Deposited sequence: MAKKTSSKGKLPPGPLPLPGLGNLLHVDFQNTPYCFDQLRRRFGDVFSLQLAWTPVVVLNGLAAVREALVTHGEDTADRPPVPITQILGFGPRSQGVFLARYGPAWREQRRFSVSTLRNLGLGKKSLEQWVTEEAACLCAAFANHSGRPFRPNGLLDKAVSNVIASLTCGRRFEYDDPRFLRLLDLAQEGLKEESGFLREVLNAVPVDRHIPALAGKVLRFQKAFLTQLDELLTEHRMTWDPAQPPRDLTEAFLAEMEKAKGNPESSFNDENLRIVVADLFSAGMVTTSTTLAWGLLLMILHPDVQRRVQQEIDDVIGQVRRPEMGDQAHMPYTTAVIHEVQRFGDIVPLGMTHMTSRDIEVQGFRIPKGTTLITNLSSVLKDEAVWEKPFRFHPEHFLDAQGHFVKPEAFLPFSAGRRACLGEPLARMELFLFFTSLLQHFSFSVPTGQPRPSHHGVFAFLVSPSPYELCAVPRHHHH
């Protein structure tokens, strides 16, 4: 399983073009394998997806005192616990997604608030990041709290703080997880002070959902995800195992919040940046907006099908933005062939999602913002198989349906109500982004003016 003997994506590109698509890091120690084709990624996550759906250990789990059946989804290990919970959330997001417009309602009204909040800046320039976080966040709060939050609500502002800083604390641990061993089984616990904010963030949910159980009517069909969880807690009251505890509830919600907010929010931030950066495209999206939705009604999901160019654009934002370059890290559950190579049980798989998204041999102009990628000769939307921002296989993103929804509803709502540009003095912002395990656009401010 190749690789050499003795900042990271522009780096992996070299190793790829020296070693092929599948290659090994740390051959001599414990091998960590980097998957690079669309071909390589599909083979590992789809073809052998059941055996590569495990998560490599991280001290986060231990530090936060996870254990038995009290891990979330994100870092949960392949086993009953995770399967239980992947099951529950996909079930729950499909019932609420369609069902009685529940998820749609919550999003569309959140868009209306976001629009209000933008409008409140009176075309005086600002940076849309904080607002984009609140909006996206609220959608998850609806899903898991019953309520949405006032943008100025101190509780909400604390929650956001808690979820942001908790997430910078864990990415420390998460990037090192491209090498060293599990943890001495028993981390020092002085290790406590390291996830302060992550732990503080659990504590605040713990209570927000404690007061939600008080609201909840046990003798009626569940209204949101928490309620559907609590209900399921009843069925399983017997079972000494089963991952439906109070313990797990808050982690699950915590996961949804972190995994959910920042990814959707950051994308919309690339969206807006690219919109002011290619006003050509912006007009055309709005041209289509006025033709299909008009200026009176609220954009709804049904419009999506009739909106080739907007759809195309949204997808190109995702592919050019390329926000989670290495996705999240996997581990084998038993040995496995990929492209001929033996890959032993327990092995770190790094899934170079960026290499698929920016594949030179797939996309007409991989390093350019180019909505054509998604448009056929007639201007119908098409989506290449290389389109994998939410990854693929057993462990692909839980949120995909809700995110597809958020990106379409927020993005249109905004381009319907406003025209975005670069502030009239300013020298015009960068295409390139700052590269963590999550890539944001470098800070820009924009103007929003009505039409």
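Q: In sequence order, which parts of the deposited sequence are missing C-alpha coordinates?
A: According to the record, the gaps fall at 1 to 11, 18 to 30, 476 to 479.
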